[PDB]
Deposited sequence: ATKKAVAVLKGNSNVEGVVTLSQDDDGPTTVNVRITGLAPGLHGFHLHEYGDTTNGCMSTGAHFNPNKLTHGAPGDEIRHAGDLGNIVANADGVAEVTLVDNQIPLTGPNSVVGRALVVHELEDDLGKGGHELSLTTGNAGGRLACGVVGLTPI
């Protein structure tokens, strides 16, 4: 019933797309496909600002109305493809993540540099 998407890019080879879906006020399903990553674990976070004026550093700190979506795993080919179900990622209401940012980190979830990021935007239901 509510959907969002983020296109991730940064000052690196890392690119991808994340789709988010939430039915009513239930859990948010997050579909991740990110390429160009070093094989292994990468922290995956919601950060507070949908601001990329200064690259991924403009996105501020992790979002804490919560912001930690855990690790995503890149395979030998640099691809991280996974579906997550996270209950703390509203698409509506006071704590909505719409207009905030998703960031993929260089190192495993505590972090390292912010490899890529994208603003969370509304998308057709």
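Not built in the structure, per the record, are deposited positions 1, 67 to 80, 126 to 139.
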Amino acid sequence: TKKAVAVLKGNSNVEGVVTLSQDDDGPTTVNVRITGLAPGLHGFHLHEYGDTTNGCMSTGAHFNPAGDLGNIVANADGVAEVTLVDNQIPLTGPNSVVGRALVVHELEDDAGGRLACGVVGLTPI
From here on, numbers count along this sequence of modelled residues.
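Among the other PDB entries of this protein that were compared and that flank it with modelled residues, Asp110 is left unmodelled in a third or more. In this entry, 19 to 27 shows the higher mean Cα temperature factor of the pair 5 to 13 and 19 to 27. For the two regions 71 to 79 and 96 to 104, the entry's Cα B-factors average higher over 71 to 79.
For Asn87, the recorded CA temperature factor ranks within the highest third of the chain's modelled residues. Compared with the other modelled residues of the chain, the Cα B-factor recorded for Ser58 ranks in the middle third. Compared with the other modelled residues of the chain, the Cα B-factor recorded for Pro39 ranks in the middle third. In the PDB entry, a CA B factor belonging to the middle third of its chain's modelled residues is recorded for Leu115.
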